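Q: turn this into a structure:
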Amino acid sequence: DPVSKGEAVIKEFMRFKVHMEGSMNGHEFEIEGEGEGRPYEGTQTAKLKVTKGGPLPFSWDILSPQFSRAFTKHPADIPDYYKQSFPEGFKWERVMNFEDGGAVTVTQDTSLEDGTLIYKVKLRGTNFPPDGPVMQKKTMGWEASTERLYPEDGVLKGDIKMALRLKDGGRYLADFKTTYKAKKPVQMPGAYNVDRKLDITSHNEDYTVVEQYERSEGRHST
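A: Residues are numbered from 1 along each chain as shown. Below is the structure in question.
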């Protein structure tokens, strides 16, 4: 039932709209955007615009992984927790923990209205050193990653070792922990991994208009 319901509502081509409200070291901001992709190929794009609190006094990179779980490719034998949750959708809650003490909490709602995916994001980041690479905008995107997911009482729990490139050639590390919760019962996968590359593909001078691309592919763990 849930797989069949999800398969019928998530098409080979899908659009989304996103709104984010957030704060970083007490600096309030808002983002609005739109995106599109191929949910079974695991590819997507989005165009985001800063609507309040711009130009952002912090790296765009903190925000980019918060803009789309319906767009992951799976092999034949791993059921899609996220696509099955439709039309009702799912929520998620994330903590990002950085090597220098920066900490972010993110909460997200995913719904479907008139055949368009709708994303609402709330973000709170604290404890970033004001002279650190995030607040100085000295990051240059996320390295490719592997999210390790496991099922737990009807939800998925994911862990990611993440790495932000530094302008000087360094790596700035973080750990992401996320809980993903469908709004109705779905057929649960076993534990599996999601390999991702997320790229900023274009931006205006002050990063108040930004385009991103993400490729995401599920696989078994060996």
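Q: wait, residue 94 sits on residue 106?
A: Yes. With contacts counted by CB atoms under 8 Å, residue 94 reaches residue 106, the gap being 4.2 Å. In this view, the C-beta of every residue, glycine as well, is placed from N, C-alpha and C.
Q: so which bits of the longest helix seen in the chain are buried?
A: Longest helix in the chain, counting residues (DSSP state H): helix 2-9. Residues of helix 2-9 classed as buried: 2, 5, 6, 9 (neighbour count, 16 or more other CB atoms under 10 Å).
Q: any common contacting residues for residue 94 and residue 106?
A: Shared contacts of residue 94 and residue 106, defined by CB atoms under 8 Å, 6 or more residues apart in numbering, comprise residue 66.
Q: ok, which stretches of this structure are helices?
A: For the chain, the helices defined by DSSP H occupy 2-9, 81-84.
Q: tell me the contacts of residue 100?
A: Here residue 100 is in contact with 128, 129, 132, 133, 172 (CB under 8 Å, 6+ apart).
Q: so what's the closest residue to the first one other than its chain neighbours up against?
A: Counting by CB to CB, 6 or more residues apart in numbering, the nearest residue to residue 128 once its immediate chain neighbours are dropped is residue 102, at 4.1 Å. Contacts here follow CB under 8 Å, 6+ apart; on that basis residue 102 touches 96, 125, 126, 127, 128, 129, 132, 134, 174.
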